[PDB]
Each structure stands twice: as C-alpha cells, then as structure tokens.
Amino acid sequence: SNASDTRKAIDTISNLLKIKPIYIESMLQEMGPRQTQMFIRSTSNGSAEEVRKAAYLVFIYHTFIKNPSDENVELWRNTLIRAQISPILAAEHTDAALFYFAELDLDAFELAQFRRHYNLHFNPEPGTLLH
C-alpha cells in the first residue's frame, strides 16, 4: 500500500498545515527508505494526533535542518499557529527528528540547543499569552 499511503500522508499533512505538497515531499526525500516507510505508515494510519506530531517534523526540517534563520523560523512558527498547533517545541519532537533524519547525521547537541533557544526567543514567558 506504499503508493496509496504516501499520497495520503502527503495530502493529510499538507492539508493540516495549508501548505503546498512540495514542502512535504522535500522532507521525505531526505529521509532514508525505511524511515520514510515508517513515517508514511504512521501518518496515513494514525489519528489526527499522529498527524499533528508530523507537523513538528515539518517544522524541524524546514528550520533547523534547512534554514534556521530568525526570519524563516518565524515563518514556520506562524504556520503552526495558523493550524491551531502549539508553537512550543518539545523534546519528543527533536528525538523523533533524530531517528527519521538519521542518515543526515544530525548534531544532537546543536538540535537540543536549537529547541532551547527557539522556545526562549519566540514563545513568550507568560504562558497564557498564546501568540
């Protein structure tokens, strides 16, 4: 069911974030074959909650992995917010990144510092301020 599940995963995530499919396909290209198959299967067969987890992988890919500039991070953070997804980035999101993009040989320390600086810089400290 590889072909059908691949299109469903791409459509479901792109529809959730309201972005063009190319942004999902580009991320898949940089996952290894087994990692892609696992990601596709969990996203096409998962609840709405499993699709929301995939939104954070999209964010990590387009920011930390491809372009971590403040301007680009603000762009992708607002995409989460516009999808009613919390912009808070949690440890389970970056740990999931470390598997799915394992072939990229990501720096686990730098990824952890990216998450820490991202939450500090962009998510304002009084938690009841959701902007």
Side-chain angles (χ1 to χ4, degrees):
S1 63
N2 191 47
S4 171
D5 292 342
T6 297
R7 291 309 323 173
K8 179 177 185 178
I10 292 164
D11 292 335
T12 305
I13 302 163
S14 58
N15 287 333
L16 172 63
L17 294 176
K18 306 291 180 203
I19 64 188
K20 292 180 164 186
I22 185 69
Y23 291 94
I24 311 304
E25 299 163 341
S26 291
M27 176 185 69
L28 299 177
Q29 290 180 238
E30 308 226 33
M31 293 179 185
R34 181 160 72 233
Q35 297 85 356
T36 308
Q37 292 169 23
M38 302 163 68
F39 176 79
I40 288 320
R41 182 172 53 241
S42 92
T43 303
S44 58
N45 290 263
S47 72
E49 284 170 342
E50 190 71 15
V51 177
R52 300 174 93 252
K53 291 254 187 275
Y56 290 103
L57 281 180
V58 175
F59 173 92
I60 288 171
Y61 175 78
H62 289 288
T63 61
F64 178 76
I65 297 187
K66 305 304 282 180
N67 180 5
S69 72
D70 280 354
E71 166 157 348
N72 191 59
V73 169
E74 177 170 333
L75 189 156
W76 284 96
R77 176 180 183 269
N78 288 339
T79 305
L80 292 181
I81 289 174
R82 265 182 269 104
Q84 315 292 287
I85 292 174
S86 169
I88 296 180
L89 186 70
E92 47 147 0
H93 303 139
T94 44
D95 283 340
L98 284 181
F99 166 69
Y100 285 122
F101 305 109
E103 296 186 342
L104 303 187
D105 224 316
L106 299 177
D107 184 334
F109 179 86
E110 278 301 302
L111 179 56
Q113 295 287 3
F114 168 82
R115 165 157 109 75
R116 193 179 67 82
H117 284 96
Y118 162 71
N119 286 318
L120 175 65
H121 186 87
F122 286 94
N123 292 312
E125 34 237 283
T128 329
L129 291 190
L130 304 173
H131 76 264

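In this chain, numbering begins with 1 at the start of the sequence shown. The figures that follow rest on heavy atoms only: side chains count, while hydrogens, waters and symmetry mates do not.
- Heavy-atom neighbours of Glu125 CD from other residues, nucleotides or ligands within 6.0 Å: at or below the threshold of 12.
- Atom NE2 of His131 and atom CG of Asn123 lie 9.5 Å apart (nearest 0.5 Å).
- The hydrophobic cluster containing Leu120 does not contain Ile60, counting ILVMFWY residues as joined when their side-chain heavy atoms lie under 4.5 angstrom apart, directly or transitively.
- For the side chain to side chain contact (heavy atoms under 4.5 Å, CB included) with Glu30, the qualifying choice from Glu103, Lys66, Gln35 is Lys66, the only one to do so.
- Here the CG-CG distance, from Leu98 to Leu111, works out to 5.0 Å after rounding to the nearest 0.5 Å.
- Considering all non-hydrogen atoms of both residues, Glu50 and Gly46 come closest at CB-CA, 3.9 Å.
- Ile81 and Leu17 are assigned to two separate hydrophobic clusters, defined by single-linkage of ILVMFWY side chains at heavy-atom distances under 4.5 Å.
- Across every non-hydrogen atom of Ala55 and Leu16, the tightest pair is CB-CD2, 4.4 Å.
- Ring geometry for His93 versus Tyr56: interplanar angle under 30°, hence parallel rather than tilted (30 to 60°).
- Under a 3.5 Å cut-off, the side chain of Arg115 and the backbone N or O of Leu89 do form a donor-acceptor pair.
- Proximity of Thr79 to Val58: side-chain heavy atoms (C-beta onward) are nowhere separated by under 4.5 Å.
- Listed for the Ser1 side chain is no donor-acceptor partner under 3.5 Å among the backbone atoms of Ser4.
- Counting only distance, with no hydrogens or angles, the side chain of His117 and the backbone of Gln113 share a donor-acceptor pair below 3.5 Å.
- Both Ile24 and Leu104 are part of a single hydrophobic cluster, where members link through side-chain heavy atoms under 4.5 Å apart.
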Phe114/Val73 under side chain to side chain contact (heavy atoms under 4.5 Å, CB included): CA gap, chis, key distance, verdict: CA-CA 11 Å; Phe114 168 82; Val73 169; 4.1 Å; yes
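- Two rings, from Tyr118 and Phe59, have their centers less than 6.0 Å apart.
- Expressed to the nearest 0.5 Å, how far CD1 of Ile10 lies from CG of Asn15 amounts to 11.5 Å.
- Follow the hydrophobic side-chain contacts under 4.5 Å out from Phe109 and you never reach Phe99; the two are in separate clusters.
- In this structure, the side chain of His62 engages the main chain of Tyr23 through a donor-acceptor pair within 3.5 Å.
- Nearest heavy-atom pair across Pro124 and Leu129 is CG-O, 3.8 Å.
- Closest of all the heavy-atom pairs between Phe64 and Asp107 is CZ-O, 4.2 Å.
- Qualifying side chain to side chain donor-acceptor pair (under 3.5 Å) partners for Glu110, counting only residues two or more places apart in sequence or in other chains: none.
- Here the CG-CZ distance, from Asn2 to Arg7, works out to 12.0 Å after rounding to the nearest 0.5 Å.
- Both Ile85 and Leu75 are part of a single hydrophobic cluster, where members link through side-chain heavy atoms under 4.5 Å apart.
- The closest donor-acceptor contact from the side chain of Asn67 to the backbone of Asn72 lies at 3.5 Å or more, if one exists at all.
- Residues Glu92 and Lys53 have side chains in contact (heavy-atom distance under 4.5 Å, counting atoms from C-beta outward).
- Of all non-hydrogen atoms in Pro87 and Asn119, the two that sit nearest each other are O-OD1, 4.2 Å.
- The environment of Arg34 atom CZ is sparse: at most 12 non-hydrogen atoms of other residues, nucleotides or ligands sit within 6.0 angstrom.
- Judged by distance alone, with hydrogens and angles left aside, the side-chain atoms of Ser14 form a donor-acceptor pair with the main-chain N or O of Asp11 at under 3.5 Å.
- Residue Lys8 holds its NZ atom at 11.5 Å from CD1 of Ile40, rounded to the nearest 0.5 Å.
- Using a 4.5 Å heavy-atom cutoff, the side chains of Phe39 and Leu57 are in contact.
- For the atom pair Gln37 CD and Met31 CE, the distance stands at 12.5 Å (nearest 0.5 Å).
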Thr63/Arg77 under side chain to side chain contact (heavy atoms under 4.5 Å, CB included): CA gap, chis, key distance, verdict: CA-CA 9 Å; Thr63 61; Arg77 176 180 183 269; over 6 Å; no
